[PDB]
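A short worksheet on the structure shown next.
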Amino acid sequence: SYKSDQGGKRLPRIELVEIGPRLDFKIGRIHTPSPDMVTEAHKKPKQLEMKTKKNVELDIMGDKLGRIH
Amino acid sequence: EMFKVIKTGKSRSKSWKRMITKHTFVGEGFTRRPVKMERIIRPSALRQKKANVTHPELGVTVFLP
Amino acid sequence: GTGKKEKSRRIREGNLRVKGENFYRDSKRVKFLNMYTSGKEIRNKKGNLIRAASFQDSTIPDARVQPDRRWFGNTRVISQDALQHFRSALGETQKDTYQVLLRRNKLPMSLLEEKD
Amino acid sequence: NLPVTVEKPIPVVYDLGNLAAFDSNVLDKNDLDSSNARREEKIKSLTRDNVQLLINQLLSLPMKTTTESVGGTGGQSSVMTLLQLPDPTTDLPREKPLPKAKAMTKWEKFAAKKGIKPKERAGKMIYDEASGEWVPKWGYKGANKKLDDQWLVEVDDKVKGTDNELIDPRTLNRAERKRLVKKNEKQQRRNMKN
Amino acid sequence: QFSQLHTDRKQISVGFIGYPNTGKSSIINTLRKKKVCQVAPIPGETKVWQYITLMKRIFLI
RNA sequence: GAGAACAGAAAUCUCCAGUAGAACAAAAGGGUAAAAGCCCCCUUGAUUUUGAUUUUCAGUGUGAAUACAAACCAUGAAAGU
Ligand SMILES: Nc1nc2c(ncn2[C@@H]2O[C@H](COP(=O)(O)OP(=O)(O)OP(=O)(O)O)[C@@H](O)[C@H]2O)c(=O)[nH]1
Ligand SMILES: [K+]
Ligand SMILES: [Mg+2]
């Protein structure tokens with residue numbers, strides 16, 4: 001990183017120095033999963049996250065608030 | 001000693017309701033149960049929110065929630 | 001009718017079942033409805049106490065508090081960063097008339113309610 | 001004073017949770033083939049532009065500061081300012097499947113049917129009336145094994161008339177305890193089989 | 001809507017308060033579509049509280 | 001493998017060689033050697049307590065179990081576990 005003189009003191013100028021390794025991969029062979037395995041591997045736990053509920057929010061103070069229409 | 005029997009009915013024949021005679025702490029967001037389904041009674045005059053707490057160190061007493 | 005019998009109903013839909021459990025009531029329903037006639041004491045011919053009235057037992061309990069180091073530890077603490085966040089948030093709130101308070105968060109409001 | 005505003009025809013996308021930047025612009029085969037000696041310069045310039053864009057996004061991300069001093073748990077001190085990375089956008093397969101929900105055991109089904117609430121489990125210390133001490137109700141120096149150490153045991157009236165009269169009652173109670181423990185283990189194995 | 005916001009409470013109660021002769025009993029009768037609370041032009045007709053079941057989860061007082 | 005009164009096929013001490021052929025768990029087709037083996041020191045707290053969060057229950061709905069996280073706790077010079 002270097003001083004930029006045009007992005008202020010927040011956005012430095014970037015430079016890259018290669019350190020290796022440099023590699024060229026030719027794509028020889030493939031083997032793809034079955035779609036049920038794809039879905040099983042992309043399932044999410046959802047245990048940690050709070051359940052969403054309509055018209056119910058949490059404010060900055062942490063109070064649970066309900067909306068009335 | 002803890003509970004008092006509260007009789008209901010015109011002829012006072014039912015005796016399934018109980019009243020707590022000691023002081024209680026009910027907490028925040030307390031709402032009374034509907035009277036038909038209210039077995040345990042904690043009257044509002046006996047509910048407490050604060051106490052006089054004495055600290056052993058420094059020898060003071062403070063009124064705390 | 002054999003199909004209308006209580007035995008046949010259970011096939012369609014031993015010691016666990018209680019008295020009065022039928023098509024209309026489950027066990028919990030039976031006990032909740034028996035609450036309205038529960039509070040009576042039982043006495044025999046001689047006048048002894050077969051069973052005391054509900055919530056009217058006369059036995060004196062052994063009221064003791066055991067020694068434990070959980071009594072002497074801090075139960076609630078708040079960081080300086082959290083205090084600053086809640087102090088800033090108290091003041092930025094824009095109350096809407098159509099929002100109701102469902103549950104109030106437990107906070108040290110004595111430490112948060114500082115006004116110049 | 002080189003510029004820090006990389007302009008790109010096709011707008012690039014970011015996954016700041018994975019610290020990745022993806023550009024789908026046009027790449028020529030001639031400038032990237034091994035027959036070209038400037039392929040390294042072209043690739044370095046393209047990667048430099050993409051890294052500049054990614055660094056701009058990262059340094060424009062919100063920052064967290066704290067007031068706690070060093071030597072405390074947490075890892076962030078007062079002088080450290082930390083970027084708040086968002087959740088990763090790119091989806092990747094897991095290494096193991098999600099933990100299955102275990103089926104209810106026989107005790108759990110019976111407790112649900114009969115309305116038995118779980119015990120509060122405050123502690124393992126019970127008060128002993130015969131002494132003036134609190135003792136563990138089970139385990140190391142527990143109160144469930146005091147009959148073995150009891151100095152005097154009265155012989156039950158019902159044991160008489162059977163050949164098990166000569167047996168030490170402490171031995172009999174230890175055998176009953178071990179039988180109960182093995183019964184509990186067999187019930188656990190049965191639940192695991194079911 | 002209030003019942004849905006308190007769906008974990010198994011029932012909610014709505015208490016009608018206000019000045020005498022403002023129409024609390026009339027409003028409750030309107031909601032029930034039946035004369036379940038006594039109504040009069042003279043103030044002070046209602047003298048004690050009264051529970052009315054509007055729905056399975058909604059009570060009026 | 002050699003040396004040392006009782007003391008030899010088996011007691012205890014000393015030296016050299018010693019990839020683990022010992023002792024711990026799993027059933028490696030590559031587990032562990034300034035150890036994951038043996039001894040010593042510190043802790044007996046391990047069923048802590050907080051949660052607007054996950055699942056279940058309740059006529060006692062701001063409670064309890066339960067999952068997860070955090071604050072602590074133990075030890076160590078520390079990294080850290
Ligand atoms: N025009 C008109 N009259 C109403 C309305 N609501 C109530 N009233 C009349 O106002 C009078 C008061 O009725 P109540 O229902 O007894 O009012 P309340 O508040 O319950 O009075 P109390 O029970 O005595 O405390 C009645 O005679 C009603 O007929 C309304 O919406 N419009
Ligand atoms: K009236
Ligand atoms: Mg009225």
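Here is the naming used below: chain letters follow the sequence lines, and residue numbers restart at 1 for every chain.
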[N]: north vs south, judged on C1'-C2'-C3'-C4':
| N | result |
| --- | --- |
| F:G29 | south |
| F:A26 | north |
| F:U56 | north |
| F:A28 | south |
| F:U50 | north |

Pair flag F:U19 x F:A23, Watson-Crick or wobble criteria, under 3.5 Å: no
Watson-Crick or G-U pairing of F:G80 with F:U75, both H-bond distances under 3.5 Å: yes
Classify [X] by what it touches in the nucleic acid, base, sugar-phosphate, or nothing, heavy-atom distance under 4.0 Å.
| X | answer |
| --- | --- |
| A:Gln47 | sugar-phosphate |
| E:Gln11 | base |
| A:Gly62 | base |
| C:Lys106 | base |

Heavy-atom closest contact (B:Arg32 atom, B:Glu38 atom, distance): CG-OE2, 3.5 Å
Axial cation check for C:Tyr98 ring with A:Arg67, 6.0 Å and 45° limits: no
Distance under 6.0 Å and angle within 45° of ring axis: B:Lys36 vs C:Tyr36: yes
Verify the distance criterion only: is there a donor paired with an acceptor across the side chains of [X] and [Y] at less than 3.5 Å?
| X | Y | value |
| --- | --- | --- |
| E:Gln4 | E:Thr7 | no |
| B:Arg18 | C:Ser54 | yes |
| B:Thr61 | B:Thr54 | yes |
| C:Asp81 | C:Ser79 | no |

Return the value, rounded to whole Å, for the distance between atom [atom1] of [X] and atom [atom2] of [N].
| X | N | atom1 | atom2 | value |
| --- | --- | --- | --- | --- |
| B:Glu28 | F:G63 | CD | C1' | 15 Å |
| D:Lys109 | F:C57 | NZ | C1' | 18 Å |
| A:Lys51 | F:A67 | NZ | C1' | 13 Å |
| E:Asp8 | F:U54 | CG | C1' | 15 Å |
| D:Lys100 | F:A67 | NZ | P | 18 Å |
| C:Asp81 | F:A71 | CG | P | 12 Å |
| A:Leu48 | F:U55 | CG | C1' | 13 Å |

Nearest-nucleotide comparison on RNA chain F, the residue closer to the 5′ end among D:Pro118 and A:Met50: A:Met50
Tell me whether the bases of [M] and [N] count as stacked, where stacked means ring centres under 5.5 Å and an interplanar angle below 30 degrees.
| N | M | answer |
| --- | --- | --- |
| F:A35 | F:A36 | no |
| F:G51 | F:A52 | no |
| F:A4 | F:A5 | no |

Any D:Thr73 side-chain N or O less than 4.0 Å from OP1/OP2 of F:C72: yes
Under 3.5 Å donor-acceptor, C:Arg76 side chain and C:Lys106 backbone: no
Main-chain N/O of D:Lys96 paired with D:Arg94 side-chain donor or acceptor, under 3.5 Å: yes
Complementary nucleotide of F:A71, counting Watson-Crick and G-U pairs under 3.5 Å: F:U48
For F:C15, the Watson-Crick or wobble counterpart (both distances under 3.5 Å): F:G1
Pair listing, salt bridge (charged side-chain N to carboxylate O under 4.0 Å, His left out) test, anchored in residues 17-29 of chain C, at least two apart: none
Near-strand residues of residues 78-91 of chain D, defined as heavy-atom separation under 4.0 angstrom from RNA chain F: none
side-chain contact (heavy atoms from CB on, under 4.5 Å) against E:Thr46, all qualifying residues, sequence neighbours excluded: E:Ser25
Could you list all N or O pairs between the protein and nucleotides 58-60 of chain F that sit under 3.5 Å apart?
unit_1, atom_1, unit_2, atom_2, d
F:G59, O2', B:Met37, O, 3.2
F:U60, OP1, B:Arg39, NE, 2.9
F:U60, OP1, B:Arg39, NH2, 3.1
F:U60, OP2, B:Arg39, N, 2.8
F:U60, OP2, B:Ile40, N, 2.9

Passing candidate, salt bridge (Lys or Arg N to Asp or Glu O under 4.0 Å) with D:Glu176, options D:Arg179, D:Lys178, D:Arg174: D:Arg179
side-chain hydrogen bond (donor to acceptor under 3.5 Å, both in side chains) against C:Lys40, all qualifying residues, sequence neighbours excluded: B:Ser15
Nucleotide-resolved protein contact map, nucleotides 44-50 of chain F, B/S/- at heavy-atom distance under 4.0 Å: SS-BSSS
